[PDB]
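>>> This is the structure alone, sequence omitted:
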């Protein structure tokens, strides 16, 4: 639901059973990757900071 | 007679003895004033859901969503009319073939159909939120007021019209059956026209997937019942159109001789 | 004729000679009144277990648990009915395919069966304590009262029905043979119906594990006798059902020619 | 206190069958026995001849320490209500006027098996209605360790032992025995039993509507095919 691949209210996920629908799933999965990449950026960001703090 | 004229479910402000009871309780809470109090057991606090002010807020919450969701349908139609108007007004300085016009025409029909399905989903999200607010009112006395039955039917009608545009026929059946049981909504023929189509879709899928005949007979019967009912409410009984439908239903159904 | 109307086994409240006898004993207890006395030899103190006062508390101890155990059986059925009603009253806006209905239906059945097994276990614990208390009354006279036989059968009955659902068929055989020894409980076909189903399970285990033939015949013989008796109590002799069971039993059992 | 009036409204239970009862509670209808001291069970509980309501609540000694199954003793407090005259002709318990109270009886029992301490306290008020102050018509029976024998009146040399009346008990400012007896014990004893009678009646009354709903609910099942 959070990544946009599911509706938080309707509770229906993306489907590929249509040629027209599949063209619109490429765009959604791109922004799905952006959120996952953004979250991993922060986890990596804290971990480097936590690494420095332990050394000090 | 506008039920939603005042924008509320039930109006809120008598007996001197009752006025005396409200005086002593109000003074009791004066001593125990504690805005930071949080009850460990929610059973006592959950009884606030039965209060009239609780239903007033729930009704205006659902009413607020209906106005936004209906606005989505109206704004979409306004732009589609505007978009088509602008297309015929711009100059085609690089088109001299009939097949070019068809391809250009097919471009607009793609854009318009693209925007409609986007608009319906946005509207359908709002109508879903309105439905949930109406279903969290647990006072049967307030569930029979003219204000309540007006909004519950208006929300369902706008919800089903939005759902059907998205080819989601099987989801409309439970909502349609609840719609035809409110006031005189069963007398409307459009409410029976969608029931005719929705049960026809389920008839095909059961047949296509080679499912049980029991679900096929049940869905076929519901289609004929509401197909005939819709014609009766619009073209009237003993009418030539009504005679035609009897031929189809008798042909489609099973008769034992 | 409700034996459990008063909720007690033997009432507590007449000879003039006995009245004088009880008076002089009360004089001695006043002389030796020592609330802190603790008998090193426990034989004398345990004679109080033969008094009517001890049995009165034990009967209500079992009654206290019997009320709790039966309530959890009944309260579960209230939740079972409510849950089925609750699910049918909520909207499935993400459900259009027949298999999605079956998938939703499967989860509801999983919850019902999961909660039922939890309730059968809680009830069995309460009924188990009731059986323990009703077996520590050491006075045979207090056991023959109609109040005792009414509660004893009720405790045994609800324990067997709850236990049998837990698939613990072999455990219920000893208890059932105790149930059919209380007044006219033998004239019930459900008691012989459960024994027939429970003894059939024991026969399969011997065959499955290749046990002795002696225990195979003994568990088989008890199955037919209790099955034949169950049919007669419900359908009677010279009936189409009774004649059918005889052929099945005769076919299964061993005959010498 | 107007509490005794509320006990008059509980005369609808004679024509109302009892099927749902709270945990560890006993209630039945009956007729007065010899001497009118108590009630006796009747073969039929729906008979209009009955005039006695017998409500009993029992517990176990040591339940505060979680040692109920240890069999430490038995205890129960029961109140018996006595009415006069037969009930109405109609068999409907929903409509029934309140009836006068002949006498209100209170019974207390507590037996500790280990300590051998048995206390029996019986309180009977033979004039529930008619006068706010009728202390002279409240029998107080206080037996301790089977002493004194049942029915023995209170001797002036041994005050408070055996059957007596509340008028004998002093109510001085230094020793407010009557004030503590009524303010703390007696009023709450009546209130606890009064609420229980209404609670039992409402539960059994509510069950009547459901069976009518069941037939209506089953009838709606015929519209699915």
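Perfect, thanks for sending it. Numbering: from 1, shown residues only, chains lettered A, B, ... in the order given.
>>> So the residue lying closest to residue B:249 once chain neighbours are set aside: helix, strand or coil?
Leaving aside its chain neighbours, residue B:249 sits nearest to residue B:224 (4.6 Å; criterion: Cβ to Cβ, 6 or more residues apart in numbering or on different chains). The way it works is simple: take the backbone N, C-alpha and C, and place the C-beta from them, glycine included. Three-state call for residue B:224 (DSSP: H, G, I helix; E, B strand; the rest coil): helix.
>>> which stretches of chain D form helices?
Using DSSP state H, the helices of chain D run over D:3-6, D:177-180, D:187-220.
>>> Might you calculate how far the first one sits from the centre of the chain?
In this case it means helix D:3-6. The gap between where helix D:3-6 is centred and where its chain is centred comes out at 13 Å by Cα atoms, centre = their mean, to the nearest Å.
>>> Quick check: buried residues in it?
D:4, D:6 (16 or more other Cβ atoms under 10 Å in any protein chain shown).
>>> Looking at the helices of chain D, spot the one closest to chain C.
Closest approach to chain C among those (Cβ to the nearest Cβ): helix D:187-220, 10.0 Å.
>>> is the closest one up against chain B anywhere?
No: using Cβ under 8 Å from any Cβ of the partner chain, helix D:187-220 stays clear of chain B, coming no nearer than 11.8 Å.
>>> For that helix, which helices and strands make contact with it?
Judged by 3 or more Cβ pairs under 8 Å, 6 or more residues apart in numbering or on different chains; DSSP states H and E, helix D:187-220 is in contact with helix D:3-6, strand D:25-32, strand D:52-60, strand D:73-83.
>>> the inter-axis angle of it versus strand D:52-60?
100 degrees (axes from the mean of the first three to the mean of the last three Cα atoms, to 10 degrees).
>>> Skipping adjacent residues, who's closest to the closest residue to chain D within chain A in space?
Residue nearest to chain D within chain A (Cβ to the nearest Cβ): residue A:11, separated by 27.4 Å. Distance criterion Cβ to Cβ, 6+ apart; nearest residue to residue A:11, sequence neighbours excluded, is residue C:94 at 4.0 Å.
>>> Spell out which parts of the stretch 151-257 of chain B neighbour chain C.
B:168-171, B:174-175, B:205-206, B:209, B:211, B:215.
>>> Taking those, please make a ChimeraX selection of just the buried ones.
In ChimeraX syntax, the buried subset of those is picked out as below (16+ other Cβ under 10 Å):
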select /B:168,169,170,171,175,205,206,215
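>>> Please list the members of the residues of the stretch 151-257 of chain B next to chain C that lie in helices.
With DSSP H as the criterion, helices contain B:169-171, B:174-175, B:205-206, B:215 from among those.
>>> Please identify which of these is nearest to chain D.
residue B:215 (12.8 Å).
>>> so who does that closest one touch?
B:202, B:206, C:98 (Cβ atoms under 8 Å, 6 or more residues apart in numbering or on different chains).
>>> Now with 7 Å, please.
Shown in contact with residue B:215 (Cβ atoms under 7 Å, 6 or more residues apart in numbering or on different chains): residue B:206.
>>> so where do the strands sit in chain A?
Here chain A has no strands by DSSP state E.
>>> Name the residues of it found near chain C, please.
A:10-12 (Cβ under 7 Å from any Cβ of the partner chain).
>>> rewinding a little: was I right about the residue nearest to residue B:249 contacting residue B:250?
No: with contact defined as Cβ atoms under 7 Å, residue B:224 does not count as touching residue B:250 (9.3 Å).
>>> In terms of neighbours, single out the busier of those two.
Between residue B:224 and residue B:250, counted using other Cβ atoms under 10 Å in any protein chain shown, residue B:224 has the larger neighbour count: 18 against 11.
>>> Chain A is nearest to which of the helices and strands packed on helix D:187-220?
strand D:25-32 (47.9 Å).
>>> is the closest one anywhere near chain C?
Yes: applying Cβ under 7 Å from any Cβ, one finds strand D:25-32 touching chain C at D:26, D:28.
>>> Next up, the contacts around the residue nearest to residue B:165 when sequence neighbours are not counted.
Nearest residue to residue B:165, sequence neighbours excluded (Cβ to Cβ, 6+ apart): residue B:120, at 4.7 Å. By Cβ under 7 Å, 6+ apart, residue B:120 lies in contact with B:162, B:165-166.
>>> which element is residue B:120 on?
Following DSSP states H and E, one finds residue B:120 within helix B:98-134.
>>> Now do the residue in chain A that chain C sits nearest to against residue B:120, distance only.
Closest to chain C within chain A is residue A:11: 4.0 Å, counting by Cβ to the nearest Cβ. Noted for residue A:11: a distance of 17 Å to residue B:120, by Cβ to Cβ, to the nearest Å.
>>> Residue B:186 now?
Counting by Cβ to Cβ, the gap from residue B:186 to residue B:120 is 26 Å.
>>> How many residues are close by the closest residue to chain B within chain A?
Chain A approaches chain B most closely through residue A:9 (5.1 Å), counting by Cβ to the nearest Cβ. Look at residue A:9: counted by other Cβ under 10 Å, it has 15 neighbours.
>>> Compute the number of surrounding residues for the closest residue to it other than its chain neighbours.
Spatially, and ignoring its direct neighbours in sequence, residue A:9 is nearest to residue B:128 (5.1 Å; Cβ to Cβ, 6+ apart). A count of nearby residues for residue B:128, using other Cβ under 10 Å, gives 21.
>>> again, but for residue D:179
12.
>>> isn't it right next to residue D:171, touching?
Yes: applying Cβ under 7 Å, one finds residue D:179 in contact with residue D:171, separated by 6.2 Å.
>>> ok, now which ones touch residue D:120?
Contacts of residue D:120 (Cβ under 7 Å, 6+ apart): D:108-109, D:143.
>>> Looking at these, spot the one nearest chain B.
residue D:108 (32.4 Å).
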